[PDB]
């Protein structure tokens, strides 16, 4: 119905509405461009790390765009295995591979349910898997983990951000077995819950799925994991499950890994100290992986400018990783600050860094009390020097 270009790929896709959401359930959504850019960069990383030809899986392929961009824009793909349960998805996919002049022996197209596709007796494990569902990836996690080769990377998307972010808490509990927190850093809480779920499902088979990258945008989450083996590595991951206590009155927060250590009342203002989790309380970014993504992205003209800006922000963010973050406007509303300095400047007063999660958000190693003290010191010297 319509021809579009993304990166080096050209594809035929049904016409899409004048405007779409980031998680729009259409055959091809151009707003997922950043997502696919990241997936391509993540694969190139593996190309450079393994230094050999890899086999990649695209179990939920639709137009075939991801598999195609993998083949066209990375150096090491021996063969791409694309799949979709939808028959017309398949037809379109076929024509799209041909449209990009991709040799037949470079790919396989299948029309199976994704779990069956992944669990086929291939005789080999996948080095790279991109799992890109509408909604939750939960139903496919185990099959992906089992199908992947040791040291392989998973490119993952989830669009069920509403439950994970606290809009629908009972729904979140049913699917992820965790209590969410609908606060100023709700998207981070959501991502950490998702990570926990991925890890525990793989852990059932003594597979260690280590998170190495996180990205939140509007109504989707983007994660990367690397698969490893050994019960000790699984154990290490599990040890980094925990909870976040958070106060809606004053925004105080605290990480708890010791079940004996929960506090009913917020030590700051005495309001109810809510509990979020259990969830991943470890790092959201592997420094080296993240740095590579950024550097490699900059060498590619076919990578969106936005992806490059986001990666630069995430690089900065990855150097001061914390559980949760602060939002300047909300702190300001709390202490009535005369004027809010631009976030780039604001973070400096807190020895912090910007976060991609929210425009005026920031991470810091300072304690909550210290942060509030800084909010008072500022405002105090703002008012004093105001004459």
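Residue numbers count along the first chain shown, from 1.
- Between 347-355 and 59-67, the higher mean Cα B-factor belongs to 347-355.
- Looking at mean Cα B-factors across 103-111 and 140-148, the upper value is held by 103-111.
- Based on the entry's C-alpha B-factors, the most elevated value among 183, 155, 167, 249 belongs to 249.
- Sorting the modelled residues of the chain by their CA temperature factor places residue 282 in the middle third.
- Per the PDB record, residue ranking by Cα B-factor puts residue 125 in the middle third of the chain.
- Per the PDB record, residue ranking by Cα B-factor puts residue 262 in the highest third of the chain.
- The PDB entry assigns residue 36 a C-alpha temperature factor belonging to the lowest third of its chain's modelled residues.
- Per the deposited record, the Cα B-factor of residue 298 falls in the highest third when ranked against the other modelled residues of its chain.
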